[PDB]
Amino acid sequence: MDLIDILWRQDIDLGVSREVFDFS
Amino acid sequence: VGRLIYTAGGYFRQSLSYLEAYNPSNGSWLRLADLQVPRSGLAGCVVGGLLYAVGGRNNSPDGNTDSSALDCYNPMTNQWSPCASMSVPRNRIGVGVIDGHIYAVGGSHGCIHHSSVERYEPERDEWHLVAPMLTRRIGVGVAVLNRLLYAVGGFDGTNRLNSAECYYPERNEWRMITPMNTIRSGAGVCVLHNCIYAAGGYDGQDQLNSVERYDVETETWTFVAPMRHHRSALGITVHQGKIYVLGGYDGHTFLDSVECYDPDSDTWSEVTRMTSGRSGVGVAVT
């Protein structure tokens, strides 16, 4: 349970990839 | 000359800026002025013949920036104008119109999943908060019928929801209604012939093709015919007595599919596709 997971789950059903939420 | 379906924004590879108008009498598409800032997960509505685009997030190679913006598009001049921003950004917002005012419902800002709701008065260019929902909801679908606003489904940050609630503007009060048959986040919600429809969405595991409708007199949700394609984050609108669904993600693909539901026959027709597949669009008609 980290912040990347929380942001991505707000767009997961648009089909956005988790990788889009992770900047190093 | 007739009313057009407008689609604004959306997601394919990054958040999009497209505004395109669809004429369902012939299946043609007209590309219009781009939004000034890309956004997916926004909502559209129309007030006084003007299109508004509300909330969303710009998912881009640089960041995932949630939007508090309200922008107004005039189809007679093909121009976008900024309006007053909301009190807070709202990605995966739901929007409905009551008596010429735009209500912004739920959505997210960073890790915060809102229950709060605000309303815009076009004649004053102001937003003010009203009473919050009983539930935090993002990815909520909204429809208005006889001056009651329904917030259906969504995601509270931990659970996908089947529940739904109704706002009574003369009491500034929200009350739970009967829950849907199915859990749906990112469904398309609209009103047709005194029923609130919830089409598609995502239950936490699967994108759905099922469709159900809430009859306000009986207080019951009943399944109708399922769409031809499973989809979440679809746009939805009603045009000349039929529901149109546009685009979405189906668990594999970004759909360009548009389908049209005829409530008399209870059937879905595959009509002319979007110019490119995408999900998380805002839609409205005028």
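First the proteins, then the strands, lettered A, B, ... as listed; each starts at 1. The analysis underlying the following values was restricted to heavy atoms, covering all of them including side chains, and did not include hydrogens, waters or symmetry mates.
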For B:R136, I'd like to know if atom CZ has over 12 heavy atoms of other residues, nucleotides or ligands within 6.0 Å.
no
When rounded to the nearest 0.5 Å, the distance separating CD1 of B:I138 from CZ of A:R9 is 12.0 Å
Residue among B:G10, B:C111, B:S40, B:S60 with most heavy-atom pairs under 4.5 Å to chain A
B:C111
Between B:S279 and the options A:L14, A:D13, A:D11, the side-chain contact (heavy atoms from CB on, under 4.5 Å) test singles out A:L14
Quick check on B:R13 against chain A: is it the side chain, the backbone, both or neither that has a heavy atom closer than 4.5 Å?
neither
Looking at B:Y202, B:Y11, B:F155, which one has more heavy-atom pairs under 4.5 Å with chain A than the rest?
B:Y11
Which of A:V16, A:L3, A:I12 touches chain B most, by non-hydrogen pairs under 4.5 Å
A:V16
Using a cut-off of under 4.5 Å for heavy-atom pairs, which of B:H252, B:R57, B:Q14, B:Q207 has the most such pairs with chain A?
B:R57
Are the side chain of A:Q10 and the backbone of B:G110 linked by a donor-acceptor contact shorter than 3.5 Å?
yes
Max heavy-atom pairs within cutoff under 4.5 Å with chain A, candidates B:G139, B:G63, B:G201, goes to B:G63
Do you know which of B:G280, B:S108, B:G186 has the most heavy-atom pairs under 4.5 Å to chain A?
B:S108
Side chain, backbone, both or neither: which part of A:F21 has an atom under 4.5 Å from a heavy atom of chain B?
both
Sort B:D66 into side chain, backbone, both or neither according to what part of it lies under 4.5 angstrom from a heavy atom of chain A.
neither
Quick check: closest heavy atoms across A:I6 and B:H113, and the distance to 0.1 Å?
CG2-CE1, 3.8 Å
